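Starting off, we have a lone chain in the form deposited in one PDB entry, written out as structure tokens.
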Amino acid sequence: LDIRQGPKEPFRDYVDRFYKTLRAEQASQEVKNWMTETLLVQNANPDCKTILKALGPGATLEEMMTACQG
């Protein structure tokens, strides 16, 4: 996963690039979930990454987008 959130890139934009790479692999829902729990959080910028980790297990993409909106 080459996609990483720029320090000034809105989270939703990063999410869209991330999902574009994910779609290329025709990932299942299970894989999509694993990727959202791991790489999406791990590849987020400093500001966002901290917040996203604070959400805890099972946080949804929706909850992550809300947490880092702007």
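Rigid core (definition): largest C-alpha set, two forms, superposition within 1.5 Å. When you see a residue number, it is the position in the sequence shown, counting from 1. Shifts are known only where both forms have a C-alpha.
Just so it is clear, the following notes concern the form solved in complex with a partner chain, a form of the same protein that is not shown.
- Relative to the superposed rigid core, the position of the CA of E25 differs between the shown form and the other one by 2 Å or more.
- Residue displacement note: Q42 has its CA displaced by under 2 Å between the shown form and the other one (rigid core superposed).
- Against the superposed rigid core, the only consecutive-residue run (3 or more long) showing CA movement of at least 2 Å between the shown form and the other one spans 25-38.
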